[PDB]
């Protein structure tokens, strides 16, 4: 079932993932976007090194300026790849949310508040993911895993 690794963590949060993200694994993140929020990110990482900066297999980046959007990308050897921008974003300032990330064989599937939001094909073997980090202006109520 779901095994939360932490509640109301101080942001930025960087934690180690208890088990390998094998296809079928779910990542559940419940939080809230503060009214003065410009953006925030959830990064599935390979290690928690800050320098050199640890690779980010999956960069889930909601942005709030203008109409808003969600930028997804991958950071390999401290270099960002091709961005995959999703314009149909459900995130809003002053609103709560539950993010469910499904780890499939060839990609991540993300749904927010029960509604499908986006897909992102693996650019790095998901098996190299052992750390989860949450940065930016966002309040997190919980982070859990379903292996």
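Residue numbers count along the first chain shown, from 1.
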Original post:
Going by the B-factors listed in the PDB entry, is the mean over the C-alpha atoms higher for 2-10 or for 137-145?
Top reply: 2-10
**OP:** Tell me which of 29-37 and 63-71 has the higher mean C-alpha B-factor in the deposited entry.
**Re:** 63-71
Original post:
Split the chain's modelled residues into thirds by Cα B-factor; is residue 50 in the lowest, middle or highest one?
Top reply: highest
Original post:
C-alpha B factor of residue 43, ranked within the chain: lowest, middle or highest third?
Top reply: lowest
Original post:
C-alpha B factor of residue 80, ranked within the chain: lowest, middle or highest third?
Top reply: middle
Original post:
residue 108's Cα B-factor: lowest, middle or highest third of the chain?
Top reply: lowest
Original post:
What third of its chain's C-alpha B-factors does residue 87 belong to: lowest, middle or highest?
Top reply: highest
